[PDB]
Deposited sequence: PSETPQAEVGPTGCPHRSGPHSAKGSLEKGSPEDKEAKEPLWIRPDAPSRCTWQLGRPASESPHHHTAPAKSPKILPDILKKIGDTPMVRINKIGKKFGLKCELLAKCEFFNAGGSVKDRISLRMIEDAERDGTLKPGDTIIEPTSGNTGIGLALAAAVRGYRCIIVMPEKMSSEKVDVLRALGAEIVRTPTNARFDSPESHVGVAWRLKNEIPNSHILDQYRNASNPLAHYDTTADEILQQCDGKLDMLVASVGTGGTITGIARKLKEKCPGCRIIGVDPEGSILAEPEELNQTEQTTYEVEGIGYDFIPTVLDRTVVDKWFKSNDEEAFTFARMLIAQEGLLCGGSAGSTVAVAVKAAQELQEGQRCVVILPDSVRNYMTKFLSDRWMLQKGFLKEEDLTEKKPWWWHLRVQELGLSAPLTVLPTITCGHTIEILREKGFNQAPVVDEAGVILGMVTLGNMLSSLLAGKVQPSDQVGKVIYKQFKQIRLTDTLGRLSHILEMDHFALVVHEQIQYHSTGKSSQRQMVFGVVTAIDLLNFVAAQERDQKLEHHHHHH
């Protein structure tokens, strides 16, 4: 069992000529008209300007974002995943058909599983139980085997993702742990490609770089190349509360687990070089999710939580900067991984990140009863179509809920939809109503708030106002709510 946190043997120091390096470096290559495979769609990520958030927090500087979620697997990890594989293949260590085992937060696991799916390697991912199910669905779709570990497990312990990875490797023939925590290919990928891209996109002019830290490879490779080729740039590292990566140690004193995925650790990875980070900042979950949501709402960037942590620090750290200067921020991954988490309001409420006291209009806190409802006529599912047309027209009604003999509501039926279906030949007048019933709806009480109705209308067209039996006091749609509000506008 090799320790992920072993002190680095690298003899790099600022000032050493690049010629002195023992490592194999790879030049970035121009993308061909047609891509031989998707793995070539890694790198050359866009550098987009942040237009609102910085000014909202008083930055005078240009704030730029390196959007890494445009990589083929959707994360910054797709970079090292490729590199680590390719170098291994050149080492002769990785043979065709071989098994790759990797401890991960998920994104490296996705990149590796992707490359494995393409290049024909077996892939076993070992990730903590905290990480999102979306990553699991993706990994499962890529054909990767999945193993989980308890979140709070110490890295020293056998139950940790690293430990489980090694224990798996020992039992499986032709298996390798590329080990992102130790492999040089990880920071070197960012030293060779990512930093070059940043330097090229910025024309060499660059005042500050903010990056969240996990394995530390991104900030390490980028900071090393930046210290060499753009010495004045300040390197700002971001570490979650509960993590120990940050310096000075006094900052780390604190919670031990946190909701944000992909950053922070209970050990210092070998690839990480804390010497090149000029200053550290601590971040928390609330900041992270708040800012990520802000990134989406304001800048249109569909990025994940670490991106939010990063920007949340950047609006603080960049205050010292002034006009004409620029701050670049790394945005490690997409919202795809967190669709049911921070993107979801219910999860944010459930986790206590969103207080209910959720910016709303005057009508939000009003009861539905004030809408001016009218109780509709009810019909059986077994009633026939033309008959319903006659009933509805004869009473001047345009729609009727479909309720069972036992009084359970089955759905909704409309005059216009019926005429349309009949005129089109889709159904017969003698045909049963079930052929054209709108089966989907949601129920509400007279004492429900209008805003609750507004949330309900984002999933359903119809909302039936009902008693506690077969009793529909009224039917409300978005158009009705609109009509009420708009009528109230006229006064």
Inset, instruction - Return the ranges of the deposited sequence not covered by C-alpha coordinates, sorted by sequence position. - result: 1 to 41, 296, 400, 402 to 403, 514 to 525, 549 to 558
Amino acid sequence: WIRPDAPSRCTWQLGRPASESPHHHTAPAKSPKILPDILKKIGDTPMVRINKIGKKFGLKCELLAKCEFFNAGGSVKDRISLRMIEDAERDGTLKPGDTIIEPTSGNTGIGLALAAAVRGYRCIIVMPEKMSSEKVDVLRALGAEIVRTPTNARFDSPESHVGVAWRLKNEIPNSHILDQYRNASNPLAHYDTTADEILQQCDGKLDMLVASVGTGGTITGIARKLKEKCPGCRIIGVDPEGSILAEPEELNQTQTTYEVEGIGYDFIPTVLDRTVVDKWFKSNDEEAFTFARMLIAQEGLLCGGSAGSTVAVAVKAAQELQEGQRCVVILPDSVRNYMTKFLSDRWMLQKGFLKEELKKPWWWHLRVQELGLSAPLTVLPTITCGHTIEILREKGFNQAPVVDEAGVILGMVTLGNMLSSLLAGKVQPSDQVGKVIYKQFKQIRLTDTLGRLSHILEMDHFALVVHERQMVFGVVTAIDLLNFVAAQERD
From here on, numbers count along this sequence of modelled residues.
Inset, instruction - Output the stretch having the higher mean C-alpha B factor in the entry; the candidates are 192 to 200 and 348 to 356. - result: 348 to 356
Legend entry - Mean temperature factor over C-alpha atoms, higher-scoring stretch between 385 to 393 and 170 to 178: 385 to 393
Inset, instruction - Among 111, 416, 264, 128, single out the one with the highest C-alpha B factor in the record, please. - result: 416
Inset, instruction - Would you mind checking which of 427, 65, 53, 38 has the top Cα temperature factor in the PDB entry? - result: 427
Inset, instruction - Please rank the C-alpha B-factors of the chain's modelled residues and tell me whether residue 272 sits in the lowest, middle or highest third. - result: middle
Inset, instruction - Tell me, lowest, middle or highest third: where does the Cα B factor of residue 462 rank within its chain? - result: highest
Legend entry - Cα B factor band for residue 87 (lowest, middle or highest third within the chain): lowest
Legend entry - Third assignment of residue 440 from its chain's C-alpha B-factors: middle
Inset, instruction - Consider only the C-alpha atoms of the modelled residues in this chain, order them by B-factor as the entry records it, and name the third containing residue 327: lowest, middle or highest. - result: middle
